[PDB]
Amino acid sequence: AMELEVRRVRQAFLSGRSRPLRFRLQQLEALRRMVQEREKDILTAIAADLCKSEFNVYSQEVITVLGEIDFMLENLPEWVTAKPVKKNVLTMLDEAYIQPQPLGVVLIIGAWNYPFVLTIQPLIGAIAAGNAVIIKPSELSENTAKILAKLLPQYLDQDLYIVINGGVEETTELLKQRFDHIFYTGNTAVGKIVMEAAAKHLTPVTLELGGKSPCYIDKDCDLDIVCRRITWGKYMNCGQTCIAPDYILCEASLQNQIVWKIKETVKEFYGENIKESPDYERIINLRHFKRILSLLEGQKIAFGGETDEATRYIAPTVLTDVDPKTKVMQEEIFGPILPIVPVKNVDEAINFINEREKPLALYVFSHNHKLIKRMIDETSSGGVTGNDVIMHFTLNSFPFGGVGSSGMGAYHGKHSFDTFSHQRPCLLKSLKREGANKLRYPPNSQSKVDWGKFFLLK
């Protein structure tokens, strides 16, 4: 059964029909139409999966997807064309170029937290690169998974681009099939399983994984501004974001003012009665609810900490003076708890980050530019935003991806196109000038060797 679906999509790719630019452009226009004409259905499904308002679904997911379609539609004609390269002395008079081509059949495995963006954004790039695509949406975002399976066949080529739904067992069977590329967003442990399955067939992979994104706060800066930006990025989607600031590092005496300003910001963003805010989401399921609750045990709560099992509500929360060995500092939080871990200065913060696995993101707040450069130069992370959170995600011109445990490979904009392409170098000579080749042919001689020293070296 998984084998048949793969064969169907492979056959569609092997027909050649996704190779021409104009077909690819038509499929992206069709996707755009889908998102426009069926906006209400899409918003309703994602909203139900995360208990999120339709406003927030629109602004976070739909606007990102729509922007990525327009950017591909505008640049793809340039991206598919062959690019001349600089030649050398042996090849000055030949034609040399690098031409992109599709990989074949690409598998996208979706995550649950932004279940439309994390399936559709990669798809866009895979479509654009000429591939056939299978999407396997996360079972934890069930409404979205179903709406994908229902709408794609109504707009996109039914045999080149398909949706396969299921859970761990179905994914395991699908990972036995042969793909040309596998793209996975999720967590470290399942990343290894993906990579191990890819190994069986030497399939290249892109893995967008997680970790704990640190947020350093320097004393030389306006905490009113800092805390608003952090509160936004932390509590969006209930903290269920790879790019969210997972924890704060800062001098111990900042704690009070930080706590106070986040609390004031929480009140402006979510009102006095947070459970009534249409803007504040719920934890995805009961397993994650309980996981996040357990991180609270033993901790000093500066504020928040109210929970409600039946609606999976956990209130925005900040913890002070946190010991790095406790549970809340030993796994990715992926929820609405923000620990503050005191550090005496920037060297201590840099050392702290360096002893841990390389995060997807790093955030540094300071007016001091040298401090920011040291922090960047001495750490390693997927990406960095200085004086804000999240925003580095939004630039098309940046590769978005992890490094070490937060992943390998990257995408967005042209980086998506390249990730789902092979850049094939082509050197075209003519059947002329054969006399010259005598220099490279046997028999070798001191004179031929010296030819090489004089023309090929400095």
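All residue numbers are counted from 1 along the displayed sequence.
- If you average the C-alpha B-factors over 409-417 and over 428-436, the higher value belongs to 428-436.
- Higher mean CA B-factor, judged across 88-96 and 117-125 from the recorded values: 88-96.
- Comparing the listed residues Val346, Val80, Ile164, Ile147, the entry records the largest Cα B-factor for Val346.
- Reading the B-factor column for the CA atoms of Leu76, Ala244, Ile301, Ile262 in the entry, the top value corresponds to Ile301.
- Among all modelled residues in this chain, the alpha-carbon of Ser18 has a temperature factor (C-alpha) in the lowest third.
- When the CA B factors of the chain's modelled residues are split into thirds, the value for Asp377 lands in the middle one.
- Placement of the Cα temperature factor of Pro214 within the chain: middle third of the modelled residues, per the deposited record.
- Sorting the modelled residues of the chain by their CA temperature factor places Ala45 in the lowest third.
- Residue-level temperature factors show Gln26 in the lowest third of its chain, judged at the C-alpha atom.
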